[PDB]
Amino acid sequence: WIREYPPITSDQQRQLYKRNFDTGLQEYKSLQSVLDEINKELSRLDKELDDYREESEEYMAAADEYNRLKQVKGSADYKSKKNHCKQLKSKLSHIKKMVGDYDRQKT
């Protein structure tokens, strides 16, 4: 993304990069939150499974729900969000680097 966000040469450009970095960080946190919540839900169900008797109707219900979330985690939509997350982290890291390079160069 050195092409979309090249080395900065003006203060207005710096401000645009900051505004876009902020929007991207909001996007990143949103995606990350979905992945974190899926894992939190799996952990709650893991506790339920570890507690309920294996032969109970309750264990069967928890197992069904747990397996649905594991199906989501192994799904393409989940894989895509995780990938979008990584690419956004990369893009943001780059924008931050450009802003830092500029601020040092204007010192």
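Numbering starts at 1 and runs along the sequence shown.
Colleague: When the Cα temperature factors in the entry are averaged, is it 23-31 or 73-81 that ends up higher?
Modeller: For C-alpha atoms only, the mean B-factor is higher in 73-81.
Colleague: For the chain shown, is the CA B-factor of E41 in the lowest, middle or highest third of its modelled residues?
Modeller: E41: CA B-factor falls in the lowest third of its chain.
Colleague: In terms of the CA temperature factor given in the entry, to which third of its chain does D50 belong: lowest, middle or highest?
Modeller: It falls in the middle third of the chain.
Colleague: What third of the chain, by the recorded C-alpha B-factor, contains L88?
Modeller: It falls in the top third of the chain.
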